[PDB]
$ cat structure-v9.cif   # mmCIF, C-alpha atoms and all ligand atoms
data_model
loop_
_atom_site.label_atom_id
_atom_site.label_comp_id
_atom_site.auth_asym_id
_atom_site.auth_seq_id
_atom_site.Cartn_x
_atom_site.Cartn_y
_atom_site.Cartn_z
CA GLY A 3 58.36 155.64 -8.35
CA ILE A 4 55.74 157.88 -6.74
CA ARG A 5 57.66 158.61 -3.51
CA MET A 6 60.90 159.60 -5.21
CA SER A 7 58.92 161.74 -7.65
CA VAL A 8 56.98 163.51 -4.91
CA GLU A 9 60.14 164.01 -2.83
CA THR A 10 61.93 165.50 -5.84
CA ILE A 11 59.17 168.01 -6.61
CA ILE A 12 58.90 169.08 -2.95
CA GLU A 13 62.68 169.54 -2.60
CA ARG A 14 62.63 171.67 -5.76
CA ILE A 15 59.84 173.86 -4.34
CA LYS A 16 61.72 174.12 -1.04
CA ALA A 17 64.88 175.27 -2.91
CA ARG A 18 63.02 177.98 -4.81
CA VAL A 19 61.26 179.26 -1.68
CA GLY A 20 64.60 179.33 0.19
CA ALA A 21 66.14 181.34 -2.64
CA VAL A 22 63.80 184.29 -2.15
CA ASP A 23 65.24 187.40 -0.53
CA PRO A 24 62.73 188.12 2.26
CA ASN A 25 63.53 191.84 2.16
CA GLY A 26 63.91 192.12 -1.62
CA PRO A 27 61.13 193.04 -4.06
CA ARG A 28 58.19 190.63 -3.70
CA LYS A 29 54.81 190.20 -5.43
CA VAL A 30 53.50 186.84 -4.33
CA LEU A 31 52.57 187.11 -0.67
CA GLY A 32 50.02 184.42 0.05
CA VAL A 33 49.43 180.92 1.31
CA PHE A 34 48.97 178.27 -1.36
CA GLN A 35 47.37 174.92 -0.71
CA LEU A 36 49.00 172.35 -3.04
CA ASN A 37 47.20 169.08 -3.76
CA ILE A 38 49.34 166.67 -5.82
CA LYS A 39 47.27 163.94 -7.47
CA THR A 40 49.07 160.60 -7.58
CA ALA A 41 48.00 157.18 -8.79
CA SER A 42 48.02 156.18 -5.09
CA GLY A 43 46.31 159.16 -3.44
CA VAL A 44 46.65 162.90 -2.88
CA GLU A 45 49.72 164.52 -1.38
CA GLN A 46 48.85 167.67 0.52
CA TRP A 47 51.34 170.49 1.09
CA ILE A 48 51.21 174.09 2.28
CA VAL A 49 53.34 176.61 0.46
CA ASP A 50 53.41 179.74 2.57
CA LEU A 51 55.02 182.49 0.50
CA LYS A 52 54.33 185.08 3.15
CA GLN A 53 56.40 183.32 5.78
CA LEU A 54 58.52 181.41 3.20
CA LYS A 55 57.96 177.94 4.51
CA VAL A 56 56.73 174.67 3.07
CA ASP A 57 55.00 172.20 5.39
CA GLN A 58 52.90 169.11 4.87
CA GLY A 59 49.18 169.55 5.70
CA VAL A 60 45.88 171.16 4.70
CA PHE A 61 45.72 174.86 5.57
CA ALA A 62 42.40 176.24 6.89
CA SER A 63 41.87 179.25 4.59
CA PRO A 64 44.52 179.27 1.87
CA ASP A 65 44.59 182.29 -0.44
CA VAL A 66 44.81 179.94 -3.40
CA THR A 67 44.34 176.18 -3.83
CA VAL A 68 46.17 174.36 -6.62
CA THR A 69 45.34 170.79 -7.62
CA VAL A 70 47.59 169.20 -10.24
CA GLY A 71 48.79 165.70 -11.19
CA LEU A 72 52.31 164.62 -10.22
CA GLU A 73 53.44 163.86 -13.78
CA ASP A 74 52.27 167.29 -14.96
CA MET A 75 54.18 168.98 -12.11
CA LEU A 76 57.35 167.19 -13.13
CA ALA A 77 56.77 168.21 -16.76
CA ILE A 78 56.35 171.88 -15.81
CA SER A 79 59.46 171.65 -13.62
CA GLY A 80 61.56 170.21 -16.46
CA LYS A 81 60.00 172.63 -18.94
CA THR A 82 58.49 169.97 -21.25
CA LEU A 83 55.08 171.44 -20.44
CA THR A 84 54.45 175.18 -20.21
CA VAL A 85 51.99 176.69 -17.76
CA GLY A 86 49.87 178.18 -20.59
CA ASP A 87 49.67 174.76 -22.23
CA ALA A 88 48.80 173.12 -18.90
CA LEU A 89 46.05 175.73 -18.52
CA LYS A 90 44.80 175.23 -22.09
CA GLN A 91 44.61 171.47 -21.47
CA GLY A 92 42.65 171.79 -18.20
CA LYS A 93 45.46 170.20 -16.22
CA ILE A 94 45.38 172.66 -13.33
CA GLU A 95 42.46 173.16 -10.97
CA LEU A 96 42.34 176.40 -8.99
CA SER A 97 40.16 178.06 -6.42
CA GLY A 98 40.53 181.27 -4.50
CA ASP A 99 42.25 184.54 -5.31
CA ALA A 100 42.75 185.15 -9.08
CA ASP A 101 45.18 188.02 -8.49
CA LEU A 102 47.57 185.89 -6.45
CA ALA A 103 47.21 183.04 -8.95
CA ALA A 104 48.17 185.29 -11.88
CA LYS A 105 51.17 186.70 -10.00
CA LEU A 106 52.39 183.16 -9.25
CA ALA A 107 52.17 182.23 -12.97
CA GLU A 108 54.47 185.14 -13.73
CA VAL A 109 57.32 183.91 -11.43
CA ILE A 110 57.33 180.12 -11.99
CA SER B 1 41.58 208.18 -32.81
CA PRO B 2 40.39 205.91 -35.70
CA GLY B 3 43.14 203.31 -35.13
CA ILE B 4 42.03 202.85 -31.52
CA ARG B 5 38.34 202.81 -32.48
CA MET B 6 38.82 200.12 -35.12
CA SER B 7 40.92 197.99 -32.76
CA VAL B 8 38.31 198.20 -29.99
CA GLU B 9 35.38 197.46 -32.34
CA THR B 10 37.25 194.45 -33.74
CA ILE B 11 37.95 193.05 -30.25
CA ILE B 12 34.30 193.41 -29.23
CA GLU B 13 32.95 191.97 -32.51
CA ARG B 14 35.17 188.92 -31.98
CA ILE B 15 34.02 188.41 -28.36
CA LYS B 16 30.39 188.86 -29.43
CA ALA B 17 30.87 186.25 -32.20
CA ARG B 18 32.33 183.79 -29.73
CA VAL B 19 29.68 184.32 -27.04
CA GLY B 20 26.91 184.14 -29.68
CA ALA B 21 28.32 180.81 -30.82
CA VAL B 22 27.69 179.18 -27.41
CA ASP B 23 24.83 176.68 -27.06
CA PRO B 24 22.91 177.79 -23.94
CA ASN B 25 21.84 174.19 -23.22
CA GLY B 26 25.05 172.39 -24.25
CA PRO B 27 28.04 171.67 -21.99
CA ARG B 28 29.26 174.83 -20.25
CA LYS B 29 31.67 175.34 -17.43
CA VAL B 30 32.35 179.09 -17.54
CA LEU B 31 29.27 180.53 -15.83
CA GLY B 32 30.17 183.96 -14.53
CA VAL B 33 30.30 187.65 -15.26
CA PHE B 34 33.68 189.03 -16.38
CA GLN B 35 34.51 192.73 -16.24
CA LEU B 36 36.82 193.59 -19.12
CA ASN B 37 38.94 196.72 -18.80
CA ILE B 38 40.97 197.51 -21.92
CA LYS B 39 43.57 200.25 -21.47
CA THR B 40 44.05 202.62 -24.42
CA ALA B 41 45.77 206.02 -24.90
CA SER B 42 42.25 207.50 -25.01
CA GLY B 43 41.16 205.99 -21.70
CA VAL B 44 39.82 202.70 -20.40
CA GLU B 45 37.27 200.76 -22.44
CA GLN B 46 34.94 199.03 -20.00
CA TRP B 47 32.88 196.02 -21.08
CA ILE B 48 30.83 193.37 -19.31
CA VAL B 49 31.12 189.86 -20.65
CA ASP B 50 28.24 187.99 -19.05
CA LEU B 51 28.79 184.26 -19.63
CA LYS B 52 25.80 183.28 -17.48
CA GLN B 53 23.31 185.12 -19.67
CA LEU B 54 25.60 185.19 -22.73
CA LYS B 55 25.45 188.96 -23.30
CA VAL B 56 28.16 191.54 -23.95
CA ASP B 57 27.43 195.11 -22.85
CA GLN B 58 29.42 198.29 -22.36
CA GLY B 59 29.52 199.29 -18.71
CA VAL B 60 30.92 198.56 -15.30
CA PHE B 61 29.23 195.70 -13.49
CA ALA B 62 28.73 196.10 -9.72
CA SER B 63 30.14 192.77 -8.59
CA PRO B 64 31.75 190.70 -11.34
CA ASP B 65 33.19 187.24 -10.73
CA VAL B 66 36.44 188.15 -12.46
CA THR B 67 37.98 191.43 -13.43
CA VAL B 68 40.43 191.42 -16.31
CA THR B 69 42.65 194.42 -17.08
CA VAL B 70 44.63 194.28 -20.29
CA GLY B 71 46.34 196.68 -22.75
CA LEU B 72 44.76 197.27 -26.16
CA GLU B 73 47.56 195.76 -28.28
CA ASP B 74 47.76 192.68 -26.07
CA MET B 75 43.97 192.20 -26.17
CA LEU B 76 44.05 192.58 -29.96
CA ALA B 77 46.73 189.86 -30.22
CA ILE B 78 44.83 187.56 -27.87
CA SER B 79 41.59 187.93 -29.82
CA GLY B 80 43.44 187.45 -33.14
CA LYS B 81 45.09 184.14 -32.15
CA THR B 82 48.69 185.47 -32.08
CA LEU B 83 49.10 185.68 -28.30
CA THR B 84 47.88 182.89 -26.05
CA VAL B 85 46.24 183.72 -22.73
CA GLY B 86 48.84 181.40 -21.20
CA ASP B 87 51.86 183.33 -22.49
CA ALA B 88 50.09 186.57 -21.58
CA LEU B 89 50.04 185.50 -17.91
CA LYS B 90 53.67 184.35 -17.88
CA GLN B 91 54.64 187.73 -19.30
CA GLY B 92 52.54 189.60 -16.73
CA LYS B 93 50.37 191.18 -19.43
CA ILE B 94 47.04 190.53 -17.70
CA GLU B 95 45.90 191.88 -14.37
CA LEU B 96 43.19 189.72 -12.70
CA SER B 97 41.09 189.90 -9.61
CA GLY B 98 38.29 187.76 -8.26
CA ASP B 99 37.58 184.07 -8.78
CA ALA B 100 40.61 181.90 -9.68
CA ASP B 101 38.46 178.88 -10.62
CA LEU B 102 36.55 180.92 -13.21
CA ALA B 103 39.74 182.59 -14.48
CA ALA B 104 41.35 179.19 -15.09
CA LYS B 105 38.22 177.69 -16.68
CA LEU B 106 38.22 180.65 -19.10
CA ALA B 107 41.92 180.11 -19.99
CA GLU B 108 40.96 176.58 -20.99
CA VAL B 109 38.16 177.51 -23.40
CA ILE B 110 40.08 180.48 -24.87
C1 LIG C 1 51.51 175.73 -4.21
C2 LIG C 1 51.40 176.33 -5.60
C3 LIG C 1 52.10 175.43 -6.61
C4 LIG C 1 53.59 175.40 -6.34
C5 LIG C 1 54.11 176.80 -6.03
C6 LIG C 1 55.39 177.06 -6.81
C7 LIG C 1 56.49 177.50 -5.86
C8 LIG C 1 57.82 177.53 -6.59
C9 LIG C 1 58.66 178.66 -6.02
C10 LIG C 1 57.88 179.97 -6.08
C11 LIG C 1 58.83 181.14 -5.95
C12 LIG C 1 58.08 182.40 -5.57
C13 LIG C 1 58.84 183.67 -5.91
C14 LIG C 1 58.49 184.75 -4.89
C15 LIG C 1 59.01 186.15 -5.24
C16 LIG C 1 57.86 187.14 -5.13
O1 LIG C 1 57.08 187.09 -4.17
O2 LIG C 1 57.66 188.00 -6.02
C1 LIG C 2 46.06 181.02 -13.17
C2 LIG C 2 47.55 180.72 -13.16
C3 LIG C 2 47.87 179.36 -12.54
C4 LIG C 2 49.26 179.39 -11.90
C5 LIG C 2 49.58 178.10 -11.15
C6 LIG C 2 50.74 177.40 -11.85
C7 LIG C 2 50.87 175.95 -11.38
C8 LIG C 2 51.68 175.86 -10.09
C9 LIG C 2 52.26 174.46 -9.95
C10 LIG C 2 53.35 174.22 -10.99
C11 LIG C 2 54.52 173.48 -10.36
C12 LIG C 2 55.81 174.29 -10.39
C13 LIG C 2 56.81 173.63 -9.44
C14 LIG C 2 58.18 173.51 -10.08
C15 LIG C 2 59.23 174.13 -9.18
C16 LIG C 2 60.50 174.26 -9.98
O1 LIG C 2 60.95 173.30 -10.63
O2 LIG C 2 61.12 175.34 -9.99
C1 LIG C 3 40.66 186.87 -19.76
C2 LIG C 3 41.22 187.13 -21.16
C3 LIG C 3 40.17 187.78 -22.05
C4 LIG C 3 38.75 187.52 -21.57
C5 LIG C 3 37.74 187.83 -22.67
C6 LIG C 3 36.65 186.77 -22.74
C7 LIG C 3 36.71 186.02 -24.07
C8 LIG C 3 35.32 185.67 -24.60
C9 LIG C 3 34.69 184.52 -23.83
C10 LIG C 3 34.16 183.43 -24.75
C11 LIG C 3 34.19 182.08 -24.04
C12 LIG C 3 32.94 181.27 -24.35
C13 LIG C 3 33.14 179.80 -24.02
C14 LIG C 3 32.29 179.47 -22.81
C15 LIG C 3 31.57 178.13 -22.95
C16 LIG C 3 31.57 177.50 -21.58
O1 LIG C 3 31.05 178.09 -20.61
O2 LIG C 3 32.09 176.39 -21.39
#
$ encode --input "structure-v9.cif" --output "structure tokens"
Amino acid sequence: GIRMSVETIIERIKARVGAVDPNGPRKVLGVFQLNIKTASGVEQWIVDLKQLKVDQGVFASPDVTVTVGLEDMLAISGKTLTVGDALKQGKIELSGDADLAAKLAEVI
Amino acid sequence: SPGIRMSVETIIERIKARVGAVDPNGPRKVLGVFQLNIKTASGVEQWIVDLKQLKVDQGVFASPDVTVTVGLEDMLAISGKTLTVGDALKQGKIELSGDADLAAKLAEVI
């Protein structure tokens, strides 16, 4: 169901963010607003890659905003859908800083 | 060098063919000016792809919506259908700045 699916994707993002070495080489320093479209409503999360924290909310001036459907997120996570294909199919909506967006695409 | 010249001309002819194909009054979602910087061994080839007016010109635009910096061989492969824009990004082959919405809308239309 929706809640288990959302919880799963968020825990996976939290694991990846926690795996970053704060002092190691880093390219993606920004705050990402994540809007997850679900059949029930939108789940709103803040992925702060500068401070390395993931919190629920809507950040005031995110560097990048990402809006994507839940099922597509799960597909990208399990590698049944590539980011380039998701892009080609118009499955991701972005606003904000193109540089930070491109650098994110490189590390997913 | 002739090899570089032919590759650049081919890239630009292809972009011009594509932009000339667009119906000015049909559905359009990529309305912006893209600065295209193509790195070669002979220096940077600088081109303005204006998708608002649907013109391609050599030059450096003062304030483009998106700047795209890409190597010659990668840009050749992208224009020749052998490298997808998507895989280019994943591989870190494109440098972007500016408007993410317009960058993504462009990745959708090719
Ligand atoms: C909110 C945008 C969509 C979801 C963001 C994906 C987050 C998954 C984990 C990202 C790991 C970032 C790697 C950082 C290393 C670096 O800065 O170079
Ligand atoms: C212009 C480039 C767009 C880049 C944005 C890519 C989409 C970000 C959201 C994809 C979800 C990835 C989360 C999966 C986390 C994981 O399983 O490791
Ligand atoms: C960013 C990678 C390379 C960029 C080079 C631009 C490629 C030529 C652009 C042609 C796209 C024309 C389609 C636009 C129609 C529309 O606005 O919906």
$ closest_atom_pairs --input "structure-v9.cif" --of "chain B" --to "ligand LIG 2 (chain C)" --cutoff "7 Å" --atoms "all atoms listed in the file" --output "Markdown table"
| residue | atom | partner | partner_atom | distance |
| --- | --- | --- | --- | --- |
| B:100 | CA | C:LIG2 | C1 | 6.5 |
| B:103 | CA | C:LIG2 | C1 | 6.6 |
| B:104 | CA | C:LIG2 | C1 | 5.4 |
$ closest_residue --input "structure-v9.cif" --among "A:110, A:6, A:102, A:85" --to "ligand LIG 1 (chain C)" --atoms "only C-alpha atoms and all ligand atoms"
A:110
$ closest_atom_pairs --input "structure-v9.cif" --of "chain B" --to "ligand LIG 3 (chain C)" --cutoff "7 Å" --atoms "all atoms listed in the file" --output "JSON lines"
{"residue": "B:15", "atom": "CA", "partner": "C:LIG3", "partner_atom": "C8", "distance": 4.8}
{"residue": "B:18", "atom": "CA", "partner": "C:LIG3", "partner_atom": "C10", "distance": 5.3}
{"residue": "B:19", "atom": "CA", "partner": "C:LIG3", "partner_atom": "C10", "distance": 5.1}
{"residue": "B:22", "atom": "CA", "partner": "C:LIG3", "partner_atom": "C15", "distance": 6.0}
{"residue": "B:27", "atom": "CA", "partner": "C:LIG3", "partner_atom": "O2", "distance": 6.2}
{"residue": "B:28", "atom": "CA", "partner": "C:LIG3", "partner_atom": "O2", "distance": 3.4}
{"residue": "B:29", "atom": "CA", "partner": "C:LIG3", "partner_atom": "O2", "distance": 4.1}
{"residue": "B:30", "atom": "CA", "partner": "C:LIG3", "partner_atom": "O1", "distance": 3.5}
{"residue": "B:31", "atom": "CA", "partner": "C:LIG3", "partner_atom": "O1", "distance": 5.7}
{"residue": "B:36", "atom": "CA", "partner": "C:LIG3", "partner_atom": "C4", "distance": 6.8}
{"residue": "B:49", "atom": "CA", "partner": "C:LIG3", "partner_atom": "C6", "distance": 6.7}
{"residue": "B:51", "atom": "CA", "partner": "C:LIG3", "partner_atom": "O1", "distance": 6.6}
{"residue": "B:68", "atom": "CA", "partner": "C:LIG3", "partner_atom": "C1", "distance": 5.7}
{"residue": "B:85", "atom": "CA", "partner": "C:LIG3", "partner_atom": "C2", "distance": 6.3}
{"residue": "B:103", "atom": "CA", "partner": "C:LIG3", "partner_atom": "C1", "distance": 6.9}
{"residue": "B:106", "atom": "CA", "partner": "C:LIG3", "partner_atom": "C11", "distance": 6.5}
{"residue": "B:107", "atom": "CA", "partner": "C:LIG3", "partner_atom": "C1", "distance": 6.9}
{"residue": "B:109", "atom": "CA", "partner": "C:LIG3", "partner_atom": "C13", "distance": 5.6}
{"residue": "B:110", "atom": "CA", "partner": "C:LIG3", "partner_atom": "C11", "distance": 6.2}
$ residues_near_ligand --input "structure-v9.cif" --ligand "ligand LIG 1 (chain C)" --cutoff "9 Å" --atoms "only C-alpha atoms and all ligand atoms" --output "ChimeraX atom specification"
/A:12,14-24,26-37,47-52,54,66-70,75,103,105-110
$ residues_around --input "structure-v9.cif" --residues "residue B:44" --least-positions-apart "3" --cutoff "10 Å" --atoms "all atoms listed in the file" --output "NGL selection string"
:B and (36-41 or 47 or 69-72)
$ closest_atom_pairs --input "structure-v9.cif" --of "chain B" --to "chain A" --cutoff "7 Å" --atoms "all atoms listed in the file" --output "JSON lines"
{"residue": "B:85", "atom": "CA", "partner": "A:86", "partner_atom": "CA", "distance": 7.0}
{"residue": "B:86", "atom": "CA", "partner": "A:86", "partner_atom": "CA", "distance": 3.4}
{"residue": "B:87", "atom": "CA", "partner": "A:86", "partner_atom": "CA", "distance": 5.8}
{"residue": "B:89", "atom": "CA", "partner": "A:108", "partner_atom": "CA", "distance": 6.1}
{"residue": "B:90", "atom": "CA", "partner": "A:108", "partner_atom": "CA", "distance": 4.3}
{"residue": "B:91", "atom": "CA", "partner": "A:108", "partner_atom": "CA", "distance": 6.1}
{"residue": "B:92", "atom": "CA", "partner": "A:108", "partner_atom": "CA", "distance": 5.7}
{"residue": "B:96", "atom": "CA", "partner": "A:101", "partner_atom": "CA", "distance": 5.0}
{"residue": "B:97", "atom": "CA", "partner": "A:101", "partner_atom": "CA", "distance": 4.6}
{"residue": "B:98", "atom": "CA", "partner": "A:100", "partner_atom": "CA", "distance": 5.2}
{"residue": "B:99", "atom": "CA", "partner": "A:100", "partner_atom": "CA", "distance": 5.3}
{"residue": "B:100", "atom": "CA", "partner": "A:100", "partner_atom": "CA", "distance": 3.9}
{"residue": "B:101", "atom": "CA", "partner": "A:97", "partner_atom": "CA", "distance": 4.6}
{"residue": "B:103", "atom": "CA", "partner": "A:100", "partner_atom": "CA", "distance": 6.7}
{"residue": "B:104", "atom": "CA", "partner": "A:89", "partner_atom": "CA", "distance": 6.8}
{"residue": "B:107", "atom": "CA", "partner": "A:90", "partner_atom": "CA", "distance": 6.0}
{"residue": "B:108", "atom": "CA", "partner": "A:90", "partner_atom": "CA", "distance": 4.2}
$ atom_distance --input "structure-v9.cif" --atom1 "atom CA of residue B:94" --atom2 "atom CA of residue B:7"
17.9 Å
$ atom_distance --input "structure-v9.cif" --atom1 "atom CA of residue B:13" --atom2 "atom CA of residue B:61"
19.7 Å
$ residues_around --input "structure-v9.cif" --residues "residue B:59" --least-positions-apart "2" --cutoff "9 Å" --atoms "all atoms listed in the file" --output "PDB file with C-alpha atoms, keeping the file's coordinate frame"
ATOM      1  CA  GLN B  35      34.510 192.730 -16.240  1.00  0.00           C
ATOM      2  CA  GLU B  45      37.270 200.760 -22.440  1.00  0.00           C
ATOM      3  CA  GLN B  46      34.940 199.030 -20.000  1.00  0.00           C
ATOM      4  CA  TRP B  47      32.880 196.020 -21.080  1.00  0.00           C
ATOM      5  CA  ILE B  48      30.830 193.370 -19.310  1.00  0.00           C
ATOM      6  CA  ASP B  57      27.430 195.110 -22.850  1.00  0.00           C
ATOM      7  CA  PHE B  61      29.230 195.700 -13.490  1.00  0.00           C
TER       8      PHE B  61
END
$ atom_distance --input "structure-v9.cif" --atom1 "atom CA of residue A:72" --atom2 "atom CA of residue B:88"
24.8 Å
$ closest_residue --input "structure-v9.cif" --among "B:63, B:10, B:25, B:42" --to "residue B:80" --atoms "only C-alpha atoms"
B:10
$ closest_residue --input "structure-v9.cif" --among "B:17, B:66, B:8, B:77" --to "residue B:43" --atoms "all atoms listed in the file"
B:8
$ axis_aligned_box --input "structure-v9.cif" --around "stretch 50-60 of chain A" --padding-each-side "6 Å" --output "lines of an AutoDock Vina configuration file"
center_x = 52.2
center_y = 177.1
center_z = 3.1
size_x = 24.6
size_y = 28.0
size_z = 17.3
$ build_atoms --input "structure-v9.cif" --residues "stretch 33-56 of chain B" --atoms "N, CA and C atoms" --output "CSV table (one decimal), in the coordinates of the input"
chain,number,residue,atom,x,y,z
B,33,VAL,N,30.3,186.3,-14.6
B,33,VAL,CA,30.3,187.6,-15.3
B,33,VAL,C,31.7,188.2,-15.2
B,34,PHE,N,32.3,188.5,-16.3
B,34,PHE,CA,33.7,189.0,-16.4
B,34,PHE,C,33.7,190.5,-16.7
B,35,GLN,N,34.4,191.3,-15.9
B,35,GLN,CA,34.5,192.7,-16.2
B,35,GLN,C,35.8,192.9,-17.1
B,36,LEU,N,35.7,193.5,-18.2
B,36,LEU,CA,36.8,193.6,-19.1
B,36,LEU,C,37.2,195.1,-19.2
B,37,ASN,N,38.4,195.4,-18.7
B,37,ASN,CA,38.9,196.7,-18.8
B,37,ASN,C,40.1,196.8,-19.8
B,38,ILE,N,39.9,197.4,-20.9
B,38,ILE,CA,41.0,197.5,-21.9
B,38,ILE,C,41.6,198.9,-21.9
B,39,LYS,N,42.9,199.0,-21.5
B,39,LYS,CA,43.6,200.2,-21.5
B,39,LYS,C,44.0,200.8,-22.8
B,40,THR,N,43.6,202.0,-23.2
B,40,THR,CA,44.0,202.6,-24.4
B,40,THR,C,44.6,204.0,-24.1
B,41,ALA,N,45.3,204.6,-25.1
B,41,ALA,CA,45.8,206.0,-24.9
B,41,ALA,C,44.6,207.0,-24.7
B,42,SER,N,43.4,206.6,-25.1
B,42,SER,CA,42.2,207.5,-25.0
B,42,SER,C,41.4,207.2,-23.8
B,43,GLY,N,41.9,206.3,-22.9
B,43,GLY,CA,41.2,206.0,-21.7
B,43,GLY,C,40.8,204.5,-21.7
B,44,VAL,N,40.1,204.1,-20.6
B,44,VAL,CA,39.8,202.7,-20.4
B,44,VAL,C,38.5,202.3,-21.0
B,45,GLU,N,38.5,201.3,-21.8
B,45,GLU,CA,37.3,200.8,-22.4
B,45,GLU,C,36.7,199.7,-21.5
B,46,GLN,N,35.5,199.9,-21.1
B,46,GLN,CA,34.9,199.0,-20.0
B,46,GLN,C,33.7,198.2,-20.5
B,47,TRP,N,33.9,196.9,-20.5
B,47,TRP,CA,32.9,196.0,-21.1
B,47,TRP,C,32.6,194.9,-20.1
B,48,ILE,N,31.3,194.5,-20.1
B,48,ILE,CA,30.8,193.4,-19.3
B,48,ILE,C,30.6,192.2,-20.2
B,49,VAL,N,31.3,191.1,-19.9
B,49,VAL,CA,31.1,189.9,-20.6
B,49,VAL,C,30.4,188.9,-19.7
B,50,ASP,N,29.1,188.8,-19.9
B,50,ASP,CA,28.2,188.0,-19.0
B,50,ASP,C,28.1,186.6,-19.6
B,51,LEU,N,28.8,185.6,-19.1
B,51,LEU,CA,28.8,184.3,-19.6
B,51,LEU,C,27.7,183.4,-19.0
B,52,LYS,N,27.0,184.0,-18.0
B,52,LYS,CA,25.8,183.3,-17.5
B,52,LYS,C,24.6,183.5,-18.4
B,53,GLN,N,24.4,184.8,-18.8
B,53,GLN,CA,23.3,185.1,-19.7
B,53,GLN,C,23.7,185.1,-21.1
B,54,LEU,N,25.0,185.1,-21.4
B,54,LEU,CA,25.6,185.2,-22.7
B,54,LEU,C,25.3,186.5,-23.4
B,55,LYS,N,25.6,187.6,-22.8
B,55,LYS,CA,25.4,189.0,-23.3
B,55,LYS,C,26.8,189.7,-23.1
B,56,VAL,N,27.0,190.6,-24.1
B,56,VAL,CA,28.2,191.5,-24.0
B,56,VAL,C,27.6,193.0,-24.0
